[PDB]
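Data first, discussion second: the structure below is written as structure tokens.
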Amino acid sequence: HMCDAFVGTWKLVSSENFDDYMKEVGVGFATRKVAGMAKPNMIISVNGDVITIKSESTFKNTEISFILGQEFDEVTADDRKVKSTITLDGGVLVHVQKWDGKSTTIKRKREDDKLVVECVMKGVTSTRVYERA
Ligand SMILES: O=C1CC(c2ccc(Cl)cc2)CC(=O)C1=CO
């Protein structure tokens, strides 16, 4: 029942500061431009202890399946190979990605009828808001 309120089909409706976040992560110019245009659909589902997050866009399709607290390998939309751990902190999904000595955190929370995503790289944050599709 853990993540029930996250389950569903979500579509991006707003983004703020995403180019600067991507720059801070180390994403190159061309990928930033094309990734920044995308309006992804994110499909979140749960089956037993396994959570699946799929993202579909004109840029890239991604899929991760995981168990809370259990590290896994992830290939990100910008083709980083990272080690990821996702936990729940007070109702917020907290997703840490580690690679090349670096780390970034993606937080996902329900707020009103939205799914709010905050991407943090050091001092740089981006907020991405999704609504039900
Ligand atoms: O899981 C993700 C991925 C995240 C992203 C996309 C592209 C790059 Cl280059 C870096 C990070 C954007 C996002 O909104 C999201 C929502 O759950």
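The set of residues in the range 1-30 that are small (G, A, S) and in contact with a strand residue (DSSP E or B) (Cβ under 9 Å, 6 or more places away or on another chain) comprises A5, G8, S14, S15, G26. Taking the stated definitions as given, is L93 of a type outside the set (F, W, Y) and away from the ligand (no atom under 14 Å from the Cβ)? Criteria not met by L93.
Mind listing just one residue for me: the one in the range 96-133 that is of a type in the set (K, R) and within 9 Å of the ligand (Cβ to nearest atom) and, of those, nearest to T52 (Cα to Cα)?
Initially, the range 96-133 is screened for residues of a type in the set (K, R), giving 98, 102, 107-110, 114, 122, 128, 132.
If we keep only those that are within 9 Å of the ligand (Cβ to nearest atom) as well, we get 108, 128.
Values: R108: 14, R128: 19 Å.
The extreme case among them is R108.
The number of residues in the range 90-114 being of a type in the set (D, E) and more than 23 Å from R132 (Cα to Cα) comes to 1.
Only a single criterion out of (1) without any contact (Cβ under 8 Å) to a residue 60 or more places away in the chain; (2) loosely packed, with under 15 Cβ neighbours inside 10 Å is not satisfied by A133, namely (1).
Look through the range 79-91, keep the residues that are under 15 Å from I106 (Cβ atoms) and free of Cβ contacts under 8 Å to residues at least 60 places away in the same chain, and return whichever of them is farthest from the chain's Cα centre (by Cα).
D89
All Cβ positions, even for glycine, are placed from backbone atoms using ideal geometry, and neighbour counts span all protein chains on display. Here, each number is a calculation from the coordinates, and none is a lab measurement.
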